[PDB]
């Protein structure tokens, strides 16, 4: 709940942590993170889903450290809340959070170095033995069926709010994904699942390695490795994404970019659809704003 309340969980379960400073650090849909002594992130689930995602994270992350070059959270304290659900403490992953708006004014030379690090990172995930991840509780995402269910729920619940031009737009997008076997055929791989620049920790005092780490593995799953590109396209732009894909040895950039483009559209609409289900009056006038612009950005595809 409030600050003394999180503080008190730590003191009781970890009384040898001498607490000198406590601050809010960050917050998402699944978690609330504070910073203790400028050193230690304690991250508390906000819901059952959060708690379930952390559980997977708890099992997955100790397996990824040795196989991933950048820093990732390492859960050094593991607490239990009244409900049996966990919370975790970890050494802050050092550096500055990139964010969307901040990739723009990221130094050009560092930018290219970043793309290559991101490429080896994703390569490293795509190399992690899939059945090993599954045994550690990483869910298998049936992306084909999932997108299908999405098409209907958008038909049913989103269409009534859209003008004709926008409805036609989604039909074609969903159709395009489903009609072309190339887009839908893929080898399932471990992905991060929430690979956006608000989880990139950066450092301009490193010319060789301006990417210091990556956080929030809550959405880690077995799926289409192309899905890990979705926020790179949305937040970092298309030129940056072609760079990463090229560094990953992707022969057909155009095919794979168009495919990721669709993934974006499906995310923008799965967003609204969720705001819809949740009665949120502006997680609705927002989800609509981004659909119109997703339509805009794809001006003639």
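Positions refer to the first chain, counted from 1.
For the pair 53-61 and 244-252, the mean B factor over Cα atoms is greater in 244-252. When 220-228 is weighed against 162-170, 162-170 comes out higher, by mean CA B-factor as recorded in the entry. In this structure the maximum Cα B-factor among 205, 126, 202, 85 is found at 205.
Per the deposited coordinates, the residue with the largest Cα temperature factor out of 130, 154, 215, 138 is 154. When the modelled residues of the chain are ordered by C-alpha B-factor, residue 23 sits in the middle third. Per-chain ranking of the deposited C-alpha B factor places residue 270 in the highest third. Compared with the other modelled residues of the chain, the Cα B-factor recorded for residue 236 ranks in the highest third. In the deposited entry, the Cα temperature factor of residue 95 places it in the middle third of its chain's modelled residues.
Per-chain ranking of the deposited C-alpha B factor places residue 113 in the middle third.
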